[PDB]
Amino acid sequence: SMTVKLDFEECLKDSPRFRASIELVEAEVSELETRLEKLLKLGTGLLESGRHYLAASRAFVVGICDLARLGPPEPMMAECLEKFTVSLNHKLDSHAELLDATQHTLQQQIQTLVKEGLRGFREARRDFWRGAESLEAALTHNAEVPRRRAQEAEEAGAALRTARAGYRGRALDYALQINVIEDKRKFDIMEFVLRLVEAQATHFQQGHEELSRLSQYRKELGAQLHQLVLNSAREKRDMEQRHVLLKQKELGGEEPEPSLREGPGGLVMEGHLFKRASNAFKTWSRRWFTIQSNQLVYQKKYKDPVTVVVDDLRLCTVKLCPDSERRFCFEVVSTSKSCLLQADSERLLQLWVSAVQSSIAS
C-alpha cells in the first residue's frame, strides 16, 4: 500500500512519512520472524519424518533378505539380492545425505537469519526508539519553557541540541540496518531455496546413475525370469500328465508289502501291524514295526524311541490264532512275555510270519 521511504533525506527531515516508514518495516520484520520460525518448525517436521521413513525402508529391505534367506542357496536369487538390495540401500543412504543437506541450509540460511542475522536490526530499533522518546521530551520541554525569566531555556536549547544530534544518528543507524536486512532477507531466502534444489540434484543424479549402470542386468533378469516362468509352467504340465497316467494305470490300492532284507547285523523288515495293548483295555492299535538285530520293535512316528516288544527273537515261537475274533492274527511268544499282532491281509499275514520264522534262525 505505502512505499517505505528511508533515505537520509527523509531521515533528517523527521517527517510523519519517515515515521510511517519505520512502523511498516517493523511490521514486515515481525512477520519475517514469525514466518522463519514456523518454517524452522516445518523443517523439524520434515527431517524427523524423513529419518523415520528411511529407517522403515531400511527395515523393509532387511525383511526382503530375511525372506529370500529361506530354502537352499540359489545363485541367481543371490546375485539378484546382491545387486538390487545394495542398490535400494544406496538410494536410502543418498536420501539421508539429502536430509542432512536440507538440515544444513535450514541452519545456515534460515536459522542464523532469525538469530544473529537480525541482531543489528533489533539493536538499532532499540536505540532509535530510545532516542525518539528522549527527543520528544526535549522538544516539549524547550517549547513549554516561558521566556519571562529564563536561563533554563538556554539549557533547554542545548539539551534539545544533544537530543536532536543523538536522534539523528540513531535514525540513520536504524535506516542503515533496515537497508541491510532488506538485502539479507532476499539473498538468504534465494540461496536457501537454491541449496535445497542443488541437494535434490546431487541426490537424483547419484540415484539415476547407479540405476542406469544396472540397466543391462535388469533387462537380462526380466528376460530370464519370464523364460523360467514359462519353463516351469511347461514342467508342471508334464508332471500333471504323468500323475494322471500314474493314477489311471500304475498305482492301484494294494497294501504295501514289506520286503525281507538281509541287513548288516541280520534280517531286517519294517512295516505296519496292528498290535494289542498289554493293559486291561486290550486296545488294538496300528504301529510301525521293525524286525532288526533279533528284536521286534515298534514306533508311532519317525524318530520315536522304540518300544521293544521282543527282547531276543531266538527265544520265541510264532503261531496263528484260530481262536481269536479278528482275522489275520498271530502271536509271538517269548519265555515270560507274549505279544499279539495282526496283519491287514492274508498275504500280509504269511509274509510277516515267515519273516519272524526266519529271524528265529541262528
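Residue indices: 1-based, along the sequence shown.
Q: So 148 to 156 or 187 to 195, which one's hotter by mean CA B-factor in the entry?
A: 148 to 156 has the higher mean C-alpha B-factor.
Q: With respect to the recorded C-alpha B factors, which stretch has the higher mean value, 260 to 268 or 121 to 129?
A: Here the higher of the two C-alpha B-factor means belongs to 260 to 268.
Q: Tell me, please, which of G43, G50, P322, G63 has the highest C-alpha B factor according to the deposited entry?
A: Of the candidates given, the C-alpha B-factor peaks at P322.
Q: From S57, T34, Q299, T317, can you pick the one with the highest C-alpha B factor in the entry?
A: The C-alpha B-factor peaks, among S57, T34, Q299, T317, at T317.
Q: Would the CA B-factor of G253 place it in the lowest, middle or highest third of its chain?
A: For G253, the deposited C-alpha B-factor lands in the highest third.
Q: Sorting the chain's CA B-factors, does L230 end up in the lowest, middle or highest third?
A: For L230, the deposited C-alpha B-factor lands in the middle third.
Q: State the tercile, meaning the lowest, middle or highest third, of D100 with respect to the CA B-factors recorded for its chain.
A: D100: CA B-factor falls in the lowest third of its chain.
Q: Comparing against every modelled residue in the chain, figure out the third that the C-alpha B-factor of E220 lands in (lowest, middle or highest).
A: For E220, the deposited C-alpha B-factor lands in the middle third.
Q: Hey, what third does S278 fall into on Cα B-factor, ranked over its chain?
A: Its C-alpha B-factor belongs to the middle third of this chain's values.
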